[PDB]
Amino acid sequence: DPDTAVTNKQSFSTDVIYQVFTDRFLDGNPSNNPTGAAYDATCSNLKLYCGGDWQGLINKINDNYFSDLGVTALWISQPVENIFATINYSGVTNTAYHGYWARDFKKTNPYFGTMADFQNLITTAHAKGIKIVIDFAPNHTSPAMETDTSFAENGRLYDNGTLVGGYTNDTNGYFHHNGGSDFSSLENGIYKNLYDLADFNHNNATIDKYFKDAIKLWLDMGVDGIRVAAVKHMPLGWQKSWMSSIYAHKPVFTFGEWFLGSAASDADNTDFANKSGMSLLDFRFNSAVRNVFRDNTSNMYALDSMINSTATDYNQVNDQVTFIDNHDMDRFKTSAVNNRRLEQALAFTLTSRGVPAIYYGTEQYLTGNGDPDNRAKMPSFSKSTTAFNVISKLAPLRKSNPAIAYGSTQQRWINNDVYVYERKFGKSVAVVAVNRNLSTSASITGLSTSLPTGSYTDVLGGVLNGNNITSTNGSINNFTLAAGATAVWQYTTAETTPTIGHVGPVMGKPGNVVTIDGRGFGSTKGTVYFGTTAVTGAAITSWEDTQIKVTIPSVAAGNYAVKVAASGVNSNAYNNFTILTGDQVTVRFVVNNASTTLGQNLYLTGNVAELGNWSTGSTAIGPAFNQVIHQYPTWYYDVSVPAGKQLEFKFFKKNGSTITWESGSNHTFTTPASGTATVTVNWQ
């Protein structure tokens, strides 16, 4: 199979995700519409259900709307049975229309469709080569008051019909009853309630179990991707074991949302991308794209830096999911914002690095500020707009041109309102040119690309007032780029060298199988190098020019670079693959009596690669928490550690360069073969 083929769950770099709020798109079947309180036919009261559902998308896939737009994937609402109760928050009736106030993860949302309607979608989709991607919220159930069972469904979690338990009188401790997060730190954002939503207790072994079992269900119906919610509000440790269990079983591409407010590099957000075993929505690229194109607060320089810092921060920047907007900010088009500015923002995003998503009806230039006005009933299905045209012209290149799909990003020309940049993968090039200025045109003199000699026609055919150019050995002849114009001119040809485009997943134990997308690999089963170790023959499950699939060798766990060798010649090196010791379980380590100093923090390390392998660097886990579950001078932390292994660990205070250890002998611990566990040591 191709890297391109819908068959490929582990990479989305060649796709364009269409994100659609299921109930606001199209009501295909009206019999699975709510009754009364919870329902609005006319969808004027956006807090109510509007009747949209899975048969609605089906019908659209079939009359070629998605395929004509060129989107190759769809990201639907979390599908699980949500609370049926209507919650009246200060005068206004709220319904669980948005698919987030779940109540049974092992069942479907009847207003969206049945299990068979779900399967139906999976199939009408894969039929037209459109990958499906679901939302998933392992952080919580629904709203609830501990003093008040009467409020909503009191966070009640039912396992497949059978009630496991609600918020009030939670004798088992399935939930953090720690108050609600005030958000002053990371720690309080995790172990206290997200707003008024009943917070799961993951260190609880029923719930740890439930959630791994609830995703295998969905993966088994053939979802091709998982968009995780509120990842800043759950422990990384738990997210990592949950993930490793998924990759073990049915590796799909998984990206999470860690909300960010700016193009700025946030540390916890970056460490999350690199260590979690998942990718994130690209909130910092979003901040740049709105600043330069919508809001005129920043200029062409901002955009280029953002490109460069995200390229530097992220272990695999190409997995990150870019966007001009979504269901939690205001809609890009607003009355002052020009069409061409939305259109250029689209243009830009489709041609840029990472994985592009579009929130529904951006082809229809939809407005709506804040929530819910940013979530309206999808207005028309016209295939007539300039945004409709730009998306369908450009998003195909992600598949046909590997430079767009995996390539590098170079600046070739920039001033305050003009940006010309280049995407290159091996011999394939693409240059995008953009003048954001809607009144002055701009002479580009002295442009040098690494396009070969010839005349290159604007791929957009002039829909965005694109002109044509001529390369003479890269040097482009002088030209006026028009007002508000944008151009794309590209070049492809067959690679004849193994070159690793993508690898997915990037973290797993021995025995897991990964996918290596690329160009010029040939069809003669060669050798795959996990670092220094050749994998050959039968251990390689598939070998095709663009995609090799291969089992993880039983090497020591750690960070590895992956190379391919075809016909003797070796490919480029894809980095930061994480081989895990084995299966993982989340274990909470609690250290008492660990007084520190102003600004002295507490990490743990130990004898396995998951614990950093006696590191005091970026692999030592830390810093530990010490305000919510346990408090100073006790310190605690949740780690992803390997199932049933004896561990040797020690805590240490790190100040500047002053690492200062635990005295005595190493502490030791044998982990469970499944689940979660807790261990408590006294700082010695």
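The first residue of the shown sequence is 1; numbering continues from there.
| Comparing 664-672 with 16-24, which has the greater mean CA B-factor as deposited? | Stretch with the higher mean C-alpha B-factor: 664-672.
| Mean temperature factor over C-alpha atoms, higher-scoring stretch between 537-545 and 223-231 | Going by the record's values, the stretch with the higher mean is 537-545.
| message | Among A487, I207, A85, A214, where is the Cα B factor highest in this entry? | response | Of the options given, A85 has the highest CA B-factor in the PDB entry.
| task | Determine which member of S245, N94, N109, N389 has the highest CA B-factor, using the values in the deposited entry. | result | Highest C-alpha B-factor among the listed residues goes to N94.
| request: Could you tell me which third, lowest, middle or highest, the C-alpha B-factor of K399 occupies within its chain? | output: Its C-alpha B-factor belongs to the middle third of this chain's values.
| query | Compared with the other modelled residues in the chain, in which third is the CA B-factor of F521? | reply | Answer is highest: the recorded C-alpha B-factor places it there.
| task | Pull the Cα B-factor of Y39 out of the PDB entry and bin it into the chain's lowest, middle or highest third. | result | CA B-factor rank for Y39: highest third.
| query | Lowest, middle or highest third: where is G368 by Cα B-factor in its chain? | reply | Tercile = middle for this residue's CA B-factor.
| request: Could you tell me which third, lowest, middle or highest, the C-alpha B-factor of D417 occupies within its chain? | output: Lowest third, going by the recorded CA B-factors of the chain.
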